[PDB]
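**Q** these chains are from a complex, not moved at all, and more is on the way:
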Amino acid sequence: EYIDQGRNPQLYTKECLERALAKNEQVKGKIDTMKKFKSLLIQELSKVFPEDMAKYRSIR
């Protein structure tokens, strides 16, 4: 179909590579926000529950 449009199929290669990097960017970003949220949660729970988060950081 891109040959029907008269372009290079190299453009289709570029677009498949770009969509691969787009999905990898989105997934790494979601995992990074989960990392920041876990860090914030353990900070605030260590503020409010000292001994329990101490034993959790011990056990890990």
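**A** Happy to help now that I have it. Numbering: from 1, shown residues only, chains lettered A, B, ... in the order given.

**Q** Three-state assignment for residue A:31, please.
**A** helix (DSSP: H, G, I helix; E, B strand; the rest coil).

**Q** what's the spacing between it and residue A:20?
**A** Distance of residue A:31 to residue A:20, given as CB to CB, to the nearest Å: 17 Å. Every residue, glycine included, has its C-beta placed from N, CA and C.

**Q** same question, residue A:38
**A** 27 Å.

**Q** Just give the number of residues close to the spatially closest residue to residue A:52 that is not a sequence neighbour.
**A** Among residues not flanking residue A:52 along the chain, residue A:45 sits closest, at 7.5 Å (CB to CB, 6 or more residues apart in numbering). When neighbours are counted by other CB atoms under 10 Å, residue A:45 registers 13.

**Q** Helix or strand: which one has residue A:45?
**A** Here residue A:45, judged by DSSP states H and E, is contained in helix A:10-48.

**Q** now for that helix, which elements pack on it?
**A** Applying 3 or more CB pairs under 8 Å, 6 or more residues apart in numbering; DSSP states H and E, one finds that helix A:10-48 contacts helix A:50-59.

**Q** Give me the distance between the helix it packs on and the centre of its chain.
**A** 27 Å (CA atoms, centre = their mean, to the nearest Å).

**Q** and if you look at stretch A:9-19?
**A** With CA atoms, centre = their mean, you get 23 Å for stretch A:9-19.

**Q** Over to stretch A:27-47?
**A** The mean C-alpha position of stretch A:27-47 is separated from the chain mean by 12 Å, CA atoms, centre = their mean.

**Q** Drop chain B onto that structure:
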Amino acid sequence: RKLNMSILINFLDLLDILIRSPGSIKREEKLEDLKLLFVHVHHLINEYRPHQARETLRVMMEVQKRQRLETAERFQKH
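**A** So that you can see how it sits with the rest, here is chain B on the chains above:
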């Protein structure tokens, strides 16, 4: 208190599942696991419900007794 802290720590371990290996088998266990914990947190406090029931009878009786004596004293003054 143990089940509260266990619920929070299993939520943190579910976050560790979602960080490390989302395709693991354990998350299904984990999405079952804290469910069982939540069931117990309800099942313990439902066991406060007969006790609360019995206890409200007790305080009702005390209030009942007090009101009788108050009316008695009120009437005697009159």
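
**Q** Please re-evaluate the neighbour count of residue A:45 in the presence of chain B.
**A** Using other CB atoms under 10 Å in any protein chain shown, the number of residues around residue A:45 comes to 17.

**Q** Spit out the contact partners of it.
**A** A:52, A:53, B:8 (CB atoms under 8 Å, 6 or more residues apart in numbering or on different chains).

**Q** What residues does chain A have near chain B?
**A** Neighbours of chain B within chain A, by CB under 8 Å from any CB of the partner chain: A:31, A:34, A:35, A:37, A:38, A:41, A:42, A:45, A:49, A:52, A:56.

**Q** Try it again at 10 Å.
**A** A:27, A:30-32, A:34-35, A:37-39, A:41-42, A:45, A:49, A:51-53, A:55-56, A:59-60 (CB under 10 Å from any CB of the partner chain).

**Q** Generate a ChimeraX selection restricted to the buried entries among those.
**A** The ChimeraX command for the buried members of the residues of chain A next to chain B (criterion: 16 or more other CB atoms under 10 Å in any protein chain shown) is given here:
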select /A:38,42,45,52,53,56
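
**Q** which ones are touching the residue nearest the centre of chain B?
**A** Closest to where the C-alpha atoms of chain B average out (CA atoms, centre = their mean) is residue B:45, at 3.1 Å. Contact partners of residue B:45, counting by CB atoms under 10 Å, 6 or more residues apart in numbering or on different chains, are residue B:52.

**Q** quick one: it and residue B:4, what's the gap?
**A** In terms of CB to CB, residue B:45 sits 11 Å off from residue B:4.

**Q** what about residue 26, neighbour count?
**A** Went with chain A since none was named. 10.

**Q** my bad, the chain I had in mind was chain B
**A** 14.

**Q** Let's add chain C too:
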Amino acid sequence: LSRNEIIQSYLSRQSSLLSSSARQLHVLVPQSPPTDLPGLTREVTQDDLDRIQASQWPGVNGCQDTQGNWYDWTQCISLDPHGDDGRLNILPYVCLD
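**A** Following on from the chains above, chain C is added here:
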């Protein structure tokens, strides 16, 4: 489910906080090895019933507190477990009538 937006997320915030909510907490209560029917097994006596009627018993007849104020079961307790202006309001345990 599909989309959460600033206004709707803030609606979730105020609804959840209005459902839920210097220390001013209750005085901690330890474990209790003497319990009356199973644990200590007191033959029905009289000091325990007089304590449950007249005196202050902090596990049975009420909830005690820091700053000293006693609250029995029919009252509502105002506390502040956080360092904020938001106050926890424990409702009464019995609610007579």
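
**Q** back to the neighbour count of residue A:45, now that we've got chain C?
**A** 17.

**Q** how far away is the residue in chain C positioned nearest to chain B from residue B:63?
**A** Using CB to the nearest CB, the closest approach of chain C to chain B is made by residue C:94 at 4.7 Å. Here the criterion is CB to CB. By it, residue C:94 lies 10 Å from residue B:63.

**Q** same deal with residue B:24?
**A** From residue B:24 to residue B:63 the distance is 58 Å (CB to CB).

**Q** Around chain A, pick out the residues from chain B.
**A** Counting by CB under 10 Å from any CB, chain B sits next to chain A at B:1-2, B:4-6, B:8-9, B:11-13, B:15-16, B:18-20, B:22.

**Q** how about 6 Å then?
**A** Within reach of chain A by CB under 6 Å from any CB of the partner chain, chain B has these residues: B:5, B:9, B:15, B:18, B:19.

**Q** If you count surrounding residues, which of residue C:94 and residue B:63 has more?
**A** residue C:94 (17 against 14).

**Q** looking at it, that one is touching residue C:74, isn't it?
**A** Yes: the pair residue C:94 / residue C:74 is scored as a contact, 5.0 Å apart, by CB atoms under 6 Å.

**Q** Which secondary structure state is assigned to residue C:89?
**A** strand.

**Q** List the contacts of it.
**A** By CB atoms under 6 Å, 6 or more residues apart in numbering or on different chains, the contact set of residue C:89 is residue C:78.

**Q** hey, what's it bridged with?
**A** Counting by DSSP bridges, residue C:89 is bridged to residue C:78.
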